Structures are given as structure tokens and as C-alpha cells.
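These notes concern the structure reproduced below.
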Amino acid sequence: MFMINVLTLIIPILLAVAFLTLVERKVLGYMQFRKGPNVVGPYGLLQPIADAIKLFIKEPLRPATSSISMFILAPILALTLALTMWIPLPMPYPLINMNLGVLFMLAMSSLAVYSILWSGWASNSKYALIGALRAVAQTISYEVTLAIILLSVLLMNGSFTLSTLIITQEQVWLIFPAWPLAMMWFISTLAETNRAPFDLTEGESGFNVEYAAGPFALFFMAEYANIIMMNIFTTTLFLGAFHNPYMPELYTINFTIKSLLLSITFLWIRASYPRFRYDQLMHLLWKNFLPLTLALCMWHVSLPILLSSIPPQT
Amino acid sequence: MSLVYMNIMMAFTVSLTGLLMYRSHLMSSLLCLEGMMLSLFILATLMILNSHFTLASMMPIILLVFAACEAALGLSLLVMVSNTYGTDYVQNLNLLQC
Amino acid sequence: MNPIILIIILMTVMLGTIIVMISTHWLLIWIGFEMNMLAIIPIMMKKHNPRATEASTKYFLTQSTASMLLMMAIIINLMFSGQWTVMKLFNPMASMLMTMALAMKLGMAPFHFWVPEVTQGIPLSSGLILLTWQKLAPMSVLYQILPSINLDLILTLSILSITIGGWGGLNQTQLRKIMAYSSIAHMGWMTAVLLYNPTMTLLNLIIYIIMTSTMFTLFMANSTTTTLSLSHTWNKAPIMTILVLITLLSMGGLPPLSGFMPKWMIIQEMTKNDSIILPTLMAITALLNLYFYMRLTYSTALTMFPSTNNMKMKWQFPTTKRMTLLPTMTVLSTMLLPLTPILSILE
Amino acid sequence: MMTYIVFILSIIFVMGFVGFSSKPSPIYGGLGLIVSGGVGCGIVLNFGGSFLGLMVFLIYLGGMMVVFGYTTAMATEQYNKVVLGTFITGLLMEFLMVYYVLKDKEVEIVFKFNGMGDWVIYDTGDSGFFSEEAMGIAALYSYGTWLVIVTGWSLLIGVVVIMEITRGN
Amino acid sequence: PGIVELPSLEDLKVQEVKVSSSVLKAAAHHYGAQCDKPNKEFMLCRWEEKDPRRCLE
Amino acid sequence: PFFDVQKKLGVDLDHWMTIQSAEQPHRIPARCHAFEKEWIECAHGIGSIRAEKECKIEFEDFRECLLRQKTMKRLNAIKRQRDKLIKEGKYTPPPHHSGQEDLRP
Amino acid sequence: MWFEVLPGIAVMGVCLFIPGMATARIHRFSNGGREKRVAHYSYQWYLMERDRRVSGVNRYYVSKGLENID
Amino acid sequence: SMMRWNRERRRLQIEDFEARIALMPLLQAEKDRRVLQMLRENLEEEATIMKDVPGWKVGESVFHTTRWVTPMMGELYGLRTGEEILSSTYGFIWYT
Amino acid sequence: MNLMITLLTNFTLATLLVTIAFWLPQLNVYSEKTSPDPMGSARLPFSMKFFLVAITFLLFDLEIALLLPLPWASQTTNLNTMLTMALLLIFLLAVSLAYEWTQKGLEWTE
Amino acid sequence: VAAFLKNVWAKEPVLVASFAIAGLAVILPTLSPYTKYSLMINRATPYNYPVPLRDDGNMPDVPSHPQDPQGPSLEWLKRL
Ligand SMILES: CCCCCCCCCCCCCCCCCC(=O)OC[C@H](COP(=O)([O-])OCC[N+](C)(C)C)OC(=O)CCCCCCCCCCCCCCCCC
Ligand SMILES: CCCCCCCCCCCCCCCCCC(=O)OC[C@H](COP(=O)(O)OCCN)OC(=O)CCCCCCCCCCCCCCCCC
Ligand SMILES: CCCCCCCCCCCCCCCCCC(=O)OC[C@H](COP(=O)(O)OCCN)OC(=O)CCCCCCCCCCCCCCCCC
Ligand SMILES: CCCCCCCCCCCCCCCCCC(=O)OC[C@H](COP(=O)(O)OCCN)OC(=O)CCCCCCCCCCCCCCCCC
Ligand SMILES: CCCCCCCCCCCCCCCCCC(=O)OC[C@H](COP(=O)(O)OCCN)OC(=O)CCCCCCCCCCCCCCCCC
Ligand SMILES: CCCCCCCCCCCCCCCCCC(=O)OC[C@H](COP(=O)(O)OCCN)OC(=O)CCCCCCCCCCCCCCCCC
Ligand SMILES: CCCCCCCCCCC1=C(C)C(=O)C(OC)=C(OC)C1=O
């Protein structure tokens, strides 16, 4: 019965990632004064299916790899981590209810740079390796503000428990006491997933260009699973919905609408801005987000003490 | 005593003898050094969690942090060696025989 | 280096050694050694040449291995004793691992193989820190765990250090390697009397630090790193030849000098414990140390090697180097033997 | 068999060390140390060290081995018998250890080790409404003042040290 | 050393409180109010004797 | 040189993590709190040389609490004899050691 | 016009609605019509194992009330 | 809003902790009778198993002290089934 | 236990999709390809700056590891000491960032 | 002291906000009247069992029952 619950988690993940590609092409279409796909299916609803079947019978690109083993391991690690980030998510009840789910997600997202690094070294292109090193340095840079912002928010929660974060936000959204943390958090999640305006793997080579159409599609769907997941996590973390315990589907509808709007906000940010130069988002992290993040971490340490608003441990 | 301590001590001795028998790379030496640290972390952790000695639960984190700073310093030394010879080969570090 | 950064880093070296000296918890012992190593690495890379990076790499690897063996000894002590007090150890395996780790930190033979390399690779001031200040923290830990140290191990390390530091310095012409093999022999002398009377261990450490600080200060004041450049000192500064003469005759332990003071006291404590063969063989082995000291005094003070012509330019310039405590350290390292019963202040 | 599970993880742990101690290449050795860190984390987690295991992931693996693999990928330009012989030597010594301590329920390499499953050494009570390990790590700010001072000072000095030695001036 | 002294299985027979934890938690404040005295006699005896065998009755 | 700065100045830098029987957060006892308290109160002040031979019983009880070597040896002996008698068929386990007894509370 | 993107958003929103609805109905099916017992702390697990022992059917969620006493 | 609600949450935490406190004597009495039940069963089966063994004191304490020692996990569940062992020794750790 | 089942299911589905993506188009018989990069064959030049930003990550990640028990440490009864040491750790992370600034460590990847 | 402040707020508003929020976090808990209640609430939270005292006969401040008047109260927490 638990295996049914695991499958009803992870097969809808793959379906939502499949149709997120359609939603991105359509929304980026209408924001660019054109249409998106509307020929292949009715309203383009068969475009992800057609594209999956196209990519899974395309010729293998057949690279000469420096390592065969890490070239196999990098998509496996990417998909495994992108599927295990979902299991503590309280929506309203997590699959795995763990006491330290926030730190679990921070750890499993910190492990996601090995897929980039191993795929960059497993290619024989030196320029692909340079791009992989830039992508890893970007991701580990923004993980610093992820961890410190996330700590500063959970100083209002009381624990690392993700389900407690719903109880924390029953009277007000947590974006009201922590909107500067929310906006630096949101741009840091935008820079974690290598999402525009932080997508330098498409700014003028990607780390995974030596993969065939199948494995590059697996990297791509792990990336969009990370995108939907971080939007759900940001929704749980700052926009926590009403939860009637006798009617859990009210919370499920509410966090689903908010997470969809936040994923469309990712789609709407990539339809609006040019890219950063690489040093410019390094400047954005180290010289702008990190001093404010340390200052607000001092503020959110000292603030529950000075107002007598320390959250409970349990 | 307990059976898991046998494996964690044997892991420390395996990472010891790897760290005490260099092949060519200094990076492989640093990896053996950090394997020694990791086995120390695991062994300290299993003792302190077993004994329910509460105040030493902050002890392995400390054992992590310093030693990882140590690892950082080691990486920096390797890079300086790599910025002299192009490789981190330990046979290039032989100028101090005379 | 920025002088502020130099001051903060040297205060951090001193802070690490003081944290080793004052702490009652083994984790803070390990932390003091980690802080000491981490802060002394930039002192060794002060001039930024490949020999300093090689020396700092070798120093890092040996001290890191000793720190891991130290933490394993600590963790086995926590196994077999359930506590953390910096005192005797409660397992002979943890005692052996801690004695090995401290022998690696001191560079006692057969873990001596980094000491003449690293001291050669680094400047004279950082070599002075490595051969004087870096002994204090492991000798403090050996001072506090001596109810658990194996006698056979500590005396094996002692005699192997004295013999290898005797034979190693006989083949050298570089002054820093001479001071390094002198270091190995003197650490053998300090650990040979540790389980018998550790006050004499502290006495030997203090007299050794004074004499080594005098010789490194003379080498810094004359800017000499080789034997053959030290032999140009009589034509540049004739008083420095007298000072290196009396200090090298002191370091060999010739009476009536003060460097005769420790080893004699060490023999004075090893014959009370019915060991006659061991301090006799130690004293006969120290004649090798005295032999290459006499080689340096023949090169520098008692003869006059030929100089060059450009020396005549250096006659027109006095030494502007801050020869810090050099008359004080020269007087203390030579004329202190009539005050030998002052050693009771170390009890 | 499932009562021995931590022991089983520890076997894999030792196997993982014979992965990188034999030193095939620093990148495969990095991978072996990553797998070793994951299974040693599982060993930690199965005694109740949830926070310490997530420190193994976030700080050892996701923090430090990232920098090891990152620095390693900037060296050892991309494309043995001693490695293979060392690996089979370590594996056969470890399986002889397993065979002895399972056939005898006791072994002595240096110390005497029981051969029962390591579930037997646990406590039979509850800790109430707290993890004891979580409260002992929370005591770093209330009881660990000197430890916080010396650790934060060593990290600040470590920043200064890396910036001094990586400059070359 | 010595032989451990355990009470018999007859000394451990008692009519159990066979209710679930929500029954106990829902009645918990009135249980602490009403059953104060034998509970605190038991827990004083339990922290003073440091032995459950001495605290059975 | 053990320059005892902590006792001189009266500060407490690291004595708190030193033993298991010290003041713990939320009064959490160690599993060998009583044995370690008895060994420390035995061996206090009399010096290590007398403490090795005069407090051997408390220290052996405390070490056998810490590592449980005699206890696990006894469990080895009982389980091995039980498995031998099951192999010989001269013993049968009771229902409460087979899981058919409807547990106590 | 712009509402042409709403079928894909509807499909993706149903696909995000499925996991939480599924785990809520599976938790109510597996735990006697109620929520899954959250045992983050060892006291909660102690109460839960006590419920499993006092139920008599080796199921923690089968609750026994005042009818189980005299 | 977080001030008012976290103060309410602290009061609710104190109410839960006092429910726990009011229940702890009953749970402690049941726990004592539980562990003495299990030790008496282990002692009786040790008595009926360890008869052939020469020089075996049944129920011999491995401690020199006569003080009560908290019963270890393998002392209680040593003679029982593997499912009861795993449920008592990794049940809370593996619980989701 | 349910966590290990879920990890095994996620890893097995990932390995199955990777096996399908590496072996479903291998069944075709397309054509053999002879096929004889911005840098041609020049060895990868080392960047000091990427290593410095990775080490700065590592050191700030250790300082983060120290900062992680604060939502538990706020529950203590020695709150003045706890608040002082929390502000001191975040201040030492800020001093590390300031020294990384002022010695031009955050330059050309600012 | 005022031209420099407007200068740095014109050039570097991120850093002015950073140092200002950090200064408030430093100085404001010492000026707050509610810092005392944080301590009082953390000591009012009963993690452990209230191990009772043996009645020697002369303890007028220790109650015999939870509903007795003497003992520590939490009226301040319910009211605030
Ligand atoms: C979670 C739900 C959503 C959250 C909100 C986010 C929605 C909006 C997103 C819009 C699209 C953004 C795309 C990427 C943008 C990247 C560029 C960018 O913005 O860079 C950040 C820019 C960078 O600025 P810059 O780089 O342009 O500025 C120049 C800087 N120098 C001089 C160094 C070159 O700003 C920041 O870094 C600010 C981050 C947020 C700060 C929040 C401060 C709150 C107020 C604090 C108090 C202030 C008063 C003082 C104290 C008073 C006390 C009483
Ligand atoms: C959680 C919800 C998830 C939902 C995911 C799916 C979203 C999109 C749903 C489908 C949208 C409509 C699909 C219509 C497909 C095209 C049908 C069609 O007209 O096909 C015509 C083609 C040729 O027809 P022919 O007879 O030759 O025409 C001449 C007539 N004189 O005939 C053919 O091509 C043959 C018939 C092909 C039919 C394909 C149907 C679509 C497959 C969809 C798969 C997913 C279904 C839903 C799964 C989840 C719910 C169970
Ligand atoms: C035993 C018998 C079966 C043997 C094995 C076959 C299995 C079933 C395969 C699907 C059905 C077979 C027929 C496939 C389509 C054939 C008809 C066709 O091509 O119709 C064309 C029609 C659109 O007309 P078009 O030519 O595009 O005109 C442009 C508009 N002016 O096209 C349409 O209207 C839409 C056609 C959609 C095709 C079907 C839907 C996609 C496939 C779904 C199942 C497989 C993938 C599942 C999900 C994968 C992961 C996302
Ligand atoms: C290259 C190799 C292959 C790469 C792809 C696959 C690996 C990478 C992706 C998967 C990562 C696995 C992570 C496993 C541990 C995660 C941490 C964890 O267990 O946290 C959850 C929870 C802690 O929370 P808490 O509620 O306190 O505990 C339960 C108490 N009621 O604790 C629990 O719930 C405890 C549950 C029991 C213990 C679980 C032990 C898991 C098995 C060992 C580690 C497996 C991974 C090894 C390899 C790592 C990556 C190389
Ligand atoms: C039980 C005992 C407990 C502990 C008691 C105390 C032990 C003290 C141990 C002393 C160790 C001294 C270590 C070396 C000094 C440290 C500072 C330093 O680095 O000084 C050298 C400094 C560098 O200047 P720089 O410009 O780099 O010189 C090279 C040329 N350009 O400047 C120079 O180069 C200037 C040249 C002269 C420097 C002389 C320094 C002598 C210091 C030692 C004095 C003797 C020991 C104290 C008295 C006995 C105590 C036991
Ligand atoms: C006391 C409370 C705790 C304080 C410590 C904790 C702070 C939390 C935030 C952490 C910040 C870490 C990094 C700080 C680095 C500061 C140095 C610096 O950045 O100097 C360079 C900068 C000019 O920038 P530049 O070098 O040109 O770089 C290119 C961008 N233009 O130069 C400048 O921009 C000048 C910066 C200094 C002036 C800032 C003034 C702000 C005043 C706010 C009101 C007072 C608040 C109370 C605190 C006292 C502040 C002095
Ligand atoms: C298990 C496989 C499920 C289906 C595959 C993922 C869903 C389809 C995505 C198709 C796709 C789109 C639209 C796409 O635009 C794109 O280019 C950026 C891809 O990467 C190569 C894609 O993979």
C-alpha cells in the first residue's frame, strides 16, 4: 500500500514535468505576442508526448567519454535526487514525515552538483568542463544564501519539520515577517535551477551536451522536477495555506494553485530579462545577497528574543 | 565490544595505510586523509549516541569543521604545487634533499 | 605579508599552543594543534618560492597525519574510559597512538624525516618558530600523559632520535639542516628523562630553546644560511664569531657552559633509577653533535676562511637588523651553569 | 539478517574505503569516498543521529567533497595492477574478518569484538519530547562558549590563511 | 558476582489500564488533578530508590 | 606544562564536556551516569597511583557499563547453548519467546 | 487568446493535485479512517507502541476506550 | 502576528507537556512491570536452558555492584523473535 | 524503512529510465559514422579564481554548519549567552566576508 | 556624519541596509521590555518530570497538590 503511495507521488511528478514544457512554450508564446504549440494536439496537448517519442528514438550521439561510469551515473544521480526532494513535502501530509525534512532537502539539493561535475568531467570537451565548473560554482554559491535564509526563516518555525511550517503560518503567511528573505530566497532558487536570468549553460556550452537525446531529456526533466519542487517548497515556506485536517484536499488545491503561479512566475521571469554576465551574478551573491542575508540572520535570531516570540520546539 | 566498531576501526586503518603509502597523486593522499577523518566522525558519533552523553553530541561537528578547514588548507597547498609543476605528483616535491 | 596579518597569525600560533597548555578536554587539545598548524602554514610560505610550498606541503602532511592519530587515540580513550579529561590514558593502544602522534609532531626519529627538509625549505625566522615554539605544545601533552606512556617506546624513540640526529648532522653544510638534526638529538634527550623526572625535561626544553634561539638569531643577524657564508663573519663582524663559538660550545654541552647543564641533570636522574648503560650511550652519542658543532666553530671562529673583495663595501654599513634579545640569549645560553639549582622553579 | 543491517552497512563502508585507499584515480577515489560517506551516514542515522547524518550529507559530501571533486577536475587531465591487487587484498581481508566474526560470534584483531548484531547495545527507554542529540548540539550556544570562540576564530583565520598562501605575494 | 534478585511473575500481575493513548491524553489533566497522591508517592519512591523492584506496590 | 588557567581565574572553558556525569541539558543522564559518578567519587583526590589499585571495582563496573563486553559474552553463551539445544531438539522455546502472548500493558 | 494556455495549466495542476490527495486517502485507509500517527519524538513512539500492545490486534490505530475497562 | 501566534503555540506546548507529565507515573509503573516481566521470562528460560553448562550461575550479575542496572536491549529481547527485536530496536528510527 | 523503500524506488526508476535512454535507440541500425571545440588540443589552463570561490564556499559552509542548530538553541534558558554567541558567529561570518572583500578575493567573479 | 551617510546611502544602499539591520539586531534586545519574557517562557516549558520533594514537615512554599495556591504560577503567560 505504501508502494502505491510512492508511485502516486513519482509518476505524477513525471507527468507534471511533461506538461510543464508545454505550459512554458505556451506562456512564453503569448508573452512574446505569438502562440505556443496548438497544432500537434488540441491546444498543443500532444506536444510533450510527440517530443518524448521523438527524443527516445533519435540516434544516440555516441561520445567518446573520459569515464563511462560517471557518464552513466550523472543522469541517474540527477533523476534520483530530483525525485527524492519531493518525499518530505507536506502537501498536506508528506510521503515520508521526517523530523528534519528541511535539512534533508538542503542536503539532497547540495548533492545535485555532482551530476553537473561528473557530466562535465565525463565529457572529453575541455570547454564543457569549464562550463561545468562555472555551473557548479554558481550553484554552490547560491546554496550559501539558501542555507542561511532557510535558517533565518526556520527561526520562526521552531524545528526543521516541514509539516510544522503549516502550523507556523496558520494566522498569517510567513512572507509578511520575511519578505526580504522571501525575495532573496526566490532569486536564489532561480539561480539554483540554472534558470533565466542565471542560465549561463545556454549563454554564449552546456555541461551535458555530449549526452544523447534520451539522457539529455532525463537531465532536462530532472531540472524541471527541481523547478516545480522548489516552487512547492517556497510555497510551503512563505505562502502556507489553510489546512482543515478533516478536508485535506482544501490544502492540496490551495498549495497547488500557489505553486503553479510560482512556476509560471519562473516562466514569466525568463520572458522578461537578459542574462547576467557570470561575474555579475557572482557580484549579486557575494556582495549583495550574502551581506543582507547575514544581517537578516542576525535580525531573525535576535527578534524572537526581543519580542518574546520564540516558537515551540515540538 | 560491539561489532560495528570493528569495521569503523578497520576503515580507519585502511585509510591510514592508504595515506601512508602514496602512489603518485597528492589528491589521492588528501582523499585518504579525509577518509581517516570520516571514520573518526563515524566512530565518535556511534560512541556518543550509544552512551547518551549529550554534551559530546556537538563534538563530531567540531571534528568535522576544523578538519574540513584543514582539508581546505591542504587543497590550497596542492594547488600551489600544481601551479609550479602542472601536476600534483609527489615525486616533483623532492627539491629539499639538497 | 601585511604586518597586521602577520601579528594576528603569530598571535593565533601562540593561541593554539596556549590552548593546548591550558585545556582540560582532549577536543581542545586537538583544536589547539589544528589552530597551531593552520596558523603556522603562512609563516612557512612567507617568501613564496617552490621550496617553501614543498616544505609547507610536507609539514602539512606529517602534522595532519599526527592530528588524525591523535584524534583516534582520543576516541579510543573515550571508548575505554567514557570521558575526556586530559590526564593519563586508559588503554595501551590509545597510549601508543598518542605517543606516535606526538613523536610525529616533535619530529622524533623515525618520524624525523620531515624536520631537515621543512627547516631547509623555510626562512630562518619560521625555522626558529618551528624548532622552538612548535615543541612546547606536544611536550606539554607528553608531560600530562606520562602515567600511561610505554617505557620501551619512549626510550626507543629517544635513543633513535639521539643517534639519528647525531649522524644526520655530520654530513651537512646547510645551517638549517644542522639545527634540525640538533633538534632531533635534543628531543631525544628530552624524552629520555620524561618518565624519570619531567622537571628535567622542562629544563632541557628551556635551555634548548634558549640556545636554538641564540643560534637562529645569530644566523639572522649575519644573514648566513650555509657554513661557508657563516665563515665570512670574521671579516664582517668579529664579535659574532665569538658569539657563535661560545653558543656552539654550549650546545655541545661542554662545561662550564650552561648547555652542559641539562644533559648532566638528565644523567643525574637516570642513574637514580638504576639506568647506567642508557645515559652513558646517550652521552657518548652526543659527541657527534659536538663534532659537527666543532666543525662549525673551526669554519667560523677559530680559523679565517678567505673572503671576497665586495666584503669591503659591507664594512661601511652597520647592521640595522633588530637583533632582538641576542645579548640576553647569548649570556643565558653560556653563563648559567653556576645557577644550576634554579631548576627547582620548574618543579 | 535485517537485525545486522548497520553491520552490513559498515561492511560496505569498509569496502568503500578499499575503493579510494587503493587510489585508482582521484576522481574515482572521490566517488568511492562519496559512497563511503553515504553509507557511513546511514550507519549514523540508524543509531539516532539524524542531525549528524545530515551534516555528513550537507557539509562533508555536499560541502567538502564538492570542493575535492571541483579542485580535482581542475587537474589530472581527462582521457592499474597495483590498484586491483590492493582492492582484492583489502576485500579478502575484510571478508575473512566477516567470516571469522560470524562463525565465532567473537574476534580479536587488536580488541575483542562481539559478533552479535549491534542492536544489542541500545537503550530501552524514551527521551520524551526531544532528541537528546539535537539538544546536545543546541547546547553549543549555551554551554559551548569557548568552543564557539575557538572554532569561529579558526575559521576566520583559515579564510585569512587561504587568502595569504594562494596569492603568491 | 552475585545473583540478580527479580520479583516473580505473580508479583507483577495487576489489572492493567487497557486504554489507548488518546483516551489517556484526553483525560490527562483530570487524571493529574485527581490521581495526584499515589502518582507522586510512586515517582518520589522511583527517584529515591533508583530501582523499580523497590517501587512495585 | 599544565598551566591551569581555568582553576586560577575561576573560569570554566572546557570542564563541562569533560565527563558524562556533569550538568547536561534538560537533565539527560548518560547510560553509565551512576557508574561514572561512583568511579569519580571513589578516585577523587587520592591520586592516580592509588586510584588504579583502590578503585578497580568501580572502574571495572563502569567499563563494563560502557562497552558491555561481559554482558554480550553472556548473551553469546546463552544464545549459543539455546541454538545447540534447538539443533538437538531437546529444547523448545515458550510462546512468549515466539511472539504469541499478547504483550503486557 | 491567453486562455489557450489554461488546458496545459489544468493538466499540470491535476498532476500536482494527485500526490497529496493520494497520500491523504492512503493515510486514512491505512490508519482506521484517521490521520497517520506522527511520531517525531520517542514519547510519541512510546504511546504508539503502547497503543499497538493494548489493541490486541497488533494494530496501533485500533483504539480501545472506556469499554475495555470494567 | 507571529508574536501573538508563537505565544499561543508556547502555551499549547506547555499544555501538551503537562498532559505528558500527568501521564508519566502510569507509564513508568507499566514500564517497570514490563521490563521486570521480560527479565523474569529471560531468567526462567536461562534456568531451563543453561543446565548442562558446567560452572554456570543462572542470573549471575556481570556487575560487582548490587545496584539496579538499566536492562540492555539484548538483555530483554535476546531470546525473542527477530520481528519483535527490530520493532523494538529500529522501530522509531525507521518510522517514516 | 519506508524511506529506504522510497530511495530504492526512486533510484530504480532513475536507473530504468537511464537504461531505456541509453539502449532503446541502440536497437536501430542507423549508419556507422567516421566523424574525424573552441580549444583544439591545448591543456586546460588553471583558474585560481574558481578554486578561490570553491574554498570560500567551503569555509562559509563550515560557518553555516556552526549556524545550523540555532532553531534548537533558541529554546535554552541561558538566552543571553546563546544570543551573544549567535550574533558572534554571524558577525565572524560577516568579518570573513569583509576580509574576503577588502583583499580583492571577490574579484572578476565578484 | 550626515554627508557621509547620505553618500553611502546613495552609492551602496544594500550595505547601508545591511549594517543598519545588523545594528538593530545588536542593540535592540537590550532595549526591549519583552526580552525578559523570552527567558521566563523558556524556563516555564516543562520538558522534564517535576520530581517531587520529600515532605520533611517544614516547607511552606512547596505545594501538596498542583491546584494548591503556593508554587510557581503562569498567570503572566495567560494574560501578557
Ligand atoms: C517568494 C515569492 C516572490 C518573492 C518576491 C520576488 C518577486 C519579484 C521578482 C522580480 C524579478 C527578479 C529577477 C532577478 C533580479 C536580479 C537583480 C536584482 O534584483 O538584484 C538585487 C539587487 C542588487 O542591486 P544592484 O546590483 O542593482 O545595485 C547596485 C549595487 N552595487 C552598488 C554594489 C553595484 O538588490 C538587492 O540586492 C536587494 C535584495 C533584496 C533586499 C530587500 C531589502 C528589504 C528592506 C530592508 C530594510 C531597508 C531599510 C533600512 C533599515 C530600516 C530599519 C527600520
Ligand atoms: C492527469 C491527466 C493526464 C492527461 C494527459 C493527456 C492530456 C491530453 C489528452 C488527449 C487530448 C486529445 C487527444 C486526441 C488525439 C487525436 C485523435 C485523432 O483525431 O486522431 C486521428 C488519427 C487519424 O484518424 P483517421 O480515422 O485516420 O481520420 C480520418 C477520419 N475520416 O487517429 C489516430 O491518431 C489514432 C488514435 C490515437 C488516439 C490518441 C489519443 C491521445 C493519447 C493520450 C494519452 C494520455 C491519456 C490520458 C492519461 C491519463 C488519464 C487516464
Ligand atoms: C496493435 C495495433 C497498435 C500497434 C502499436 C501502436 C500503439 C499506439 C500508437 C498510437 C496510435 C497509432 C496511430 C498513430 C497516428 C497515426 C495517424 C496520424 O498520424 O494522424 C495524423 C493526425 C494529425 O494530422 P496531421 O498529419 O498532423 O495534420 C496536420 C494538421 N493540419 O494526428 C493526430 O490527430 C494525433 C496523433 C496522435 C498519435 C497518438 C498519440 C501519441 C501516442 C500515445 C501513446 C504512446 C506514448 C505514451 C506517452 C509517452 C510519454 C509522454
Ligand atoms: C553514486 C551512488 C548512487 C547515487 C544515487 C543514489 C544516492 C543519492 C540519492 C539518495 C540519498 C540517500 C539519503 C539517505 C539518508 C537521508 C537522511 C535521512 O535518513 O533523513 C530522514 C530521517 C531523519 O529525520 P528524522 O525524522 O529525525 O528520523 C526518523 C525519526 N522518527 O531519517 C530516517 O528516516 C532514517 C531512516 C533509516 C535510515 C536510512 C538509511 C539509508 C541508507 C544509507 C544511505 C544510502 C545512500 C548511500 C549513497 C549516498 C550517495 C552516494
Ligand atoms: C615552560 C615554558 C613555557 C613557555 C615559555 C616561553 C617560551 C618562549 C619560546 C620562544 C620561541 C620564539 C619563536 C621565534 C620568535 C617568534 C616571532 C618571530 O617570528 O620573530 C622573528 C621576526 C621575523 O622578522 P623578519 O623580518 O621576518 O625576519 C627575517 C628577516 N627579514 O624577527 C626577527 O627575525 C628579529 C630577529 C631576532 C628575533 C629573536 C627572537 C627570540 C625569541 C626567543 C627568546 C628566548 C626564549 C625566551 C626566554 C626563555 C623562555 C623559556
Ligand atoms: C555593528 C553591527 C554589526 C556590523 C557587522 C555586521 C554587518 C552585516 C552585513 C555584513 C557585511 C559584510 C561585508 C561588509 C564589507 C564592507 C566593506 C566594503 O564593502 O567596502 C567597499 C565599499 C565600496 O565598494 P567597492 O569596493 O567599490 O565595490 C564595488 C561596489 N561599488 O565601501 C562601502 O560601501 C562602505 C561601507 C561602510 C559604510 C556602511 C555604513 C552603513 C551605516 C548604517 C547605519 C549605522 C548602522 C550601525 C552599525 C555601524 C555601521 C558603521
Ligand atoms: C520519462 C520521460 C518523460 C517524457 C520526457 C520529458 C517531457 C518532454 C519534454 C520535451 C522537451 C522539450 C519540450 C524541449 O523544448 C526541450 O528542449 C529545451 C527538451 O530538452 C531536449 C525536452 O526534453
Side-chain angles (χ1 to χ4, degrees), chain B residues 1-12 14-19 21-25 27-32 34-35 37-39 41-42 45-46 48-50 52-58 60-62 64-66 68-73 75-80 82-83 87-88, chain D residues 6-7 10-11 13-14 17-18 20-23 26 29-30 33 36-37 40 43-44 47-49 52 55 59-60 64 67-68 71-72 75-76 82 90 94 97 101 107 109 111-118 121 123 132-133 135-137 139-140 143-144 147 151 154-155 158 161-162 165-166:
Chain B
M1 51 216 256
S2 179
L3 181 55
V4 64
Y5 293 157
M6 180 186 74
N7 290 316
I8 306 303
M9 291 179 190
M10 184 52 67
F12 182 79
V14 165
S15 59
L16 178 67
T17 58
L19 187 272
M21 298 182 73
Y22 292 169
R23 291 185 63 245
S24 295
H25 289 93
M27 186 65 77
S28 294
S29 305
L30 295 179
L31 292 171
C32 293
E34 299 301 318
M37 184 269 284
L38 175 64
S39 66
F41 189 91
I42 304 302
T45 305
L46 296 178
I48 291 160
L49 292 173
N50 202 180
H52 288 176
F53 175 37
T54 307
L55 283 176
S57 296
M58 72 183 80
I61 293 173
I62 298 299
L64 187 61
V65 167
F66 281 91
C69 181
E70 181 179 3
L73 193 274
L75 289 171
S76 298
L77 266 301
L78 183 144
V79 167
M80 299 306 289
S82 180
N83 291 324
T87 59
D88 56 351
Chain D
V6 181
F7 170 68
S10 71
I11 301 306
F13 187 75
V14 178
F17 282 23
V18 185
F20 67 94
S21 66
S22 66
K23 298 175 286 293
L33 184 53
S36 302
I43 299 164
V44 166
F47 284 19
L52 292 167
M55 293 305 105
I59 310 300
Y60 188 86
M64 189 188 75
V67 181
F68 272 88
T71 306
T72 312
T76 181
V82 182
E94 179 60 30
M97 289 168 68
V101 81
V107 81
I109 300 299
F111 305 110
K112 291 172 71 173
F113 294 106
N114 192 14
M116 291 178 75
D118 53 354
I121 55 178
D123 196 1
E132 295 175 354
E133 177 258 339
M135 292 293 102
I137 294 170
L140 180 63
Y143 292 167
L147 191 63
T151 307
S154 297
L155 290 167
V161 165
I162 302 304
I165 66 167
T166 54

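Residue numbering restarts at 1 for every chain, and letters A, B, ... go by the order of the sequence lines. For the numbers below, each heavy atom of this structure counts, side chains included, while hydrogens, waters and symmetry mates do not.
Taken from CE in D:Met64 to CD in B:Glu70, the straight-line distance is 10.0 Å, to the nearest 0.5 Å. Note: B:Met6 CE to D:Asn114 CG = 10.5 Å, rounded to the nearest 0.5 Å. Residue D:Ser10 holds its OG atom at 12.0 Å from CE of B:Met10, rounded to the nearest 0.5 Å.
Comparing D:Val107, D:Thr166, D:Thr72 by how many heavy-atom pairs each has under 4.5 Å with chain B, the most go to D:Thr72. Ranked by non-hydrogen atom pairs under 4.5 Å with chain D, the options B:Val65, B:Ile42, B:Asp88, B:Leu30 are led by B:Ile42. Per-residue heavy-atom pair counts under 4.5 Å with chain D were compared for B:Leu38, B:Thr45, B:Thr54, B:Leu55, and the maximum is reached by B:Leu38. Most heavy-atom pairs under 4.5 Å with chain B, from the set D:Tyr60, D:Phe111, D:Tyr143: that is D:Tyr60. Comparing D:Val161, D:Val6, D:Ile43 by heavy-atom pairs within less than 4.5 Å of chain B, the highest count is held by D:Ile43. Between chain B and the options D:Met55, D:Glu132, D:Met116, D:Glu94, heavy-atom pairs under 4.5 Å are most frequent for D:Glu132.
Contact annotation for B:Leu73: both backbone and side-chain heavy atoms come within less than 4.5 Å of a heavy atom of chain D. Residue B:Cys69 touches chain D through its side chain alone, counting heavy-atom pairs closer than 4.5 Å. Contacts of B:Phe41 with chain D are made by side-chain atoms alone, with heavy-atom separations under 4.5 Å and no backbone atom involved. With a 4.5 angstrom heavy-atom cutoff, B:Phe66 touches chain D only via side-chain atoms. If you measure heavy-atom distances from B:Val79 to chain D, the contacts under 4.5 Å come from the side chain alone. Of the atoms belonging to B:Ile62, it is side-chain heavy atoms, and not backbone ones, that fall under 4.5 Å from chain D. Looking at B:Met80, only its side chain comes within 4.5 Å of chain D, counting heavy atoms on both sides. Residue contact with chain D, scored on non-hydrogen atoms closer than 4.5 Å, involves the backbone and the side chain of B:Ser2 alike. For B:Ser24, no part lies near chain D; criterion is any non-hydrogen pair under 4.5 Å. Using a 4.5 Å cut-off between heavy atoms, B:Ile48 does not touch chain D at all. Heavy atoms closer than 4.5 Å to chain B are found in the backbone of D:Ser22, but not in its side chain.
Side-chain atoms of B:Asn50 come within 3.5 Å of backbone N or O of D:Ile121 as a donor-acceptor pair.
Contact record, B:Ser39 with D:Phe17: CB-CE2, 3.9 Å, taken as the closest heavy-atom pair. The minimum heavy-atom distance linking B:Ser76 with D:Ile165 is given by the pair CB-CD1, 3.7 Å. Residues D:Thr76 and B:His25 come closest through the heavy atom pair OG1-NE2, 4.0 Å. The nearest pair of heavy atoms linking D:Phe20 to B:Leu31 is CE1-O, 3.2 Å. Taking each heavy atom of B:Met27 and D:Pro26 in turn, the nearest pair found is CG-CB, 3.7 Å. Looking at every heavy atom in both residues, D:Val18 comes nearest to B:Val14 through CG2-CG1, 3.9 Å.
Counting only heavy atoms from C-beta outward, the side chains of D:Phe13 and B:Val4 never approach each other to under 4.5 Å. Taking the side chain as every heavy atom from C-beta outward, D:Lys23 and B:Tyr22 never approach each other to under 4.5 Å.
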